[PDB]
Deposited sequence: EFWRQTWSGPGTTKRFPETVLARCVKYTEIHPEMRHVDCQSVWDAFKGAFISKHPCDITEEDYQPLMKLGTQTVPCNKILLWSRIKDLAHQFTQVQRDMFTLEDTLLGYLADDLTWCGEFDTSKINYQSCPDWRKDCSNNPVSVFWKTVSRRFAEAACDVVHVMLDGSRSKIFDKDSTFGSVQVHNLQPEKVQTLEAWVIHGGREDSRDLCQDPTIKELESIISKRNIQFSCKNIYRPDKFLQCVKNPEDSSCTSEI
């Protein structure tokens, strides 16, 4: 009973319902084009996807009603994907405002950095613990949400799709990541012309790393062109993105 926790992962973020709703209201303020959205209806559809459901039995179809309410057209040629480098990816698009990560969409913005799950056959949100993808089960409310939106976002991309990767990390490209397992394989060779990776540094040429060639090989088999660039000083990269007038760029 009370000393045991159902799951190995963090529980639902405190004030999750209030937070999702306040994020919806704020998003539709910052982004007028999405003001048709009823923030209450969005929350109801979000809640409906996982509440009373066993948190190891969530399906992509459970999120379909939410996907419909959060339908949004982003410019397909202005998409930035990323893996393991969320912070710089987000700061980039805070400055370069015509480019979008998933978290710059209504849906990604609502869910970013949050955890949520319900309990089997009750209407209570679980605030103690939620499944962990690796230790408990993969088909949980959080992982199934991200898989579904990450797929759709990738499918919508066109032209030169950019991906930010973490060069200071163990595996720069990881086939098992969300980017590697969901997004890479849902890039449409008809729409997408090129995938260009920006390998960021944290302290040589990293575009020759084995895993980068693995990625090169994978994208080539999909009949998309591959390109790669090092970013040797991410600090300077951001400064030059903020002020492209500056000469030392």
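The deposited sequence has C-alpha coordinates everywhere except the stretches 204 to 207, 254 to 257.
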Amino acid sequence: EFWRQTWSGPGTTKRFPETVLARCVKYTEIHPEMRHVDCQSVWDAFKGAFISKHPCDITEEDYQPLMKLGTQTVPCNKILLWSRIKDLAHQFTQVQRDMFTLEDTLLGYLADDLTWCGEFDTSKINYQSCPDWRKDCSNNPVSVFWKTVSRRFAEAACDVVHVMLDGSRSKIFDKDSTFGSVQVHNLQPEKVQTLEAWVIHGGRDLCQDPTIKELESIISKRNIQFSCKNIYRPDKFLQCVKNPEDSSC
From here on, numbers count along this sequence of modelled residues.
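For the pair 19 to 27 and 226 to 234, the mean B factor over Cα atoms is greater in 226 to 234.
The mean Cα B-factor in the deposited entry runs higher for 239 to 247 than for the other of 239 to 247 and 2 to 10.
Note on 44, 216, 57, 60: the highest value goes to 216, judged by CA B factor as recorded. Ranking 52, 194, 183, 40 by the C-alpha B-factor listed in the PDB entry places 194 at the top. Ranked by C-alpha B-factor against the other modelled residues of its chain, residue 66 falls in the lowest third. Among all modelled residues in its chain, residue 170 ranks in the highest third by Cα B-factor. Ranked within its chain, residue 147 lands in the lowest third, by CA B factor from the PDB record.
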